[PDB]
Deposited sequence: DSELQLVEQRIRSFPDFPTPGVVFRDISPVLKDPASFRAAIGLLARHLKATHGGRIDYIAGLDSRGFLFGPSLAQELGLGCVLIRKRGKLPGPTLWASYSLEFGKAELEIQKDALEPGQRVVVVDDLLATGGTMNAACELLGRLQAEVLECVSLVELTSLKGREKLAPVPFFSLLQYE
């Protein structure tokens, strides 16, 4: 897949950053190469339309690297994007949940029954995405799927999110 190759060639890996043991996957080059970024968004959008048809109401982007992809993915799908932030950043009444640290969402971000897909750059343990799903569930929204560019399969984040479906463009151990 030519388009998927355009994304994979723009992920750079940094052993022992930010601490010894972690291999950091840097999506910065995907953003810098407009063909790579277009490919990533298109692949995610095609998957989501093929899987959910017209059932998605909103994309939810996760602070902060998910913000890089959420609005462009939403736009490609003809949808709005809602924000899930690190605690302390949002005005108005909020709910919050531990993700490791805490994520937060505005109490009026969604109405009950609205259907949402969550996007982040990378799934590791699944703590961050799981916190997002908890918050969305507490607004009585339905999480249709979580998606990312990168998935670290040895950390079993997919299993943590089950039964919420998960999809990634690229997998590393």
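> Enumerate the deposited-sequence segments absent from the coordinates, judged by C-alpha atoms, in order of position.
That stretch is 101-105, the only one.
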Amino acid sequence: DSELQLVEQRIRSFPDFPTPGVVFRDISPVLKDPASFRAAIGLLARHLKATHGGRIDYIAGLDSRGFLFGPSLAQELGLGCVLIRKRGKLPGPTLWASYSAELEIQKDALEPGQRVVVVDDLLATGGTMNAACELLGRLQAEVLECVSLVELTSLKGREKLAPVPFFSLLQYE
From here on, numbers count along this sequence of modelled residues.
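Rigid core (definition): largest C-alpha set, two forms, superposition within 1.5 Å.
> Superpose by the rigid core and compare 41-49 with 22-30; which one moves more, by C-alpha RMS, in 8 other deposited structures of this protein?
Once the core is superposed, the stretch further away in 8 other deposited structures of this protein is 22-30.
> Averaged over C-alpha atoms, is the B-factor higher for 156-164 or for 9-17 in this PDB entry?
Higher of the two, by average CA B-factor, is 156-164.
> Out of 137-145 and 66-74, which one has CA B-factors that are higher on average in the deposited record?
Higher mean C-alpha B-factor in the PDB entry: 137-145.
> Could you check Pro29, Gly113, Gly42, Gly61 and tell me which one carries the biggest Cα B-factor in the deposited entry?
Highest C-alpha B-factor among the listed residues goes to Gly113.
> Would you please rank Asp120 by its C-alpha temperature factor against the other modelled residues of its chain and give the third it falls in: lowest, middle or highest?
It belongs to the lowest third of the chain when residues are ordered by C-alpha B-factor.
> Select lowest, middle or highest to describe the third in which the CA B-factor of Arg85 falls within its chain in this entry.
Bottom third by C-alpha B-factor.
> How does the C-alpha B factor of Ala97 compare with the rest of the chain: lowest, middle or highest third?
Middle third.
> Split the chain's modelled residues into thirds by Cα B-factor; is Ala109 in the lowest, middle or highest one?
For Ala109, whose C-alpha B-factor we compare with every modelled residue in the chain, the answer is the highest third.
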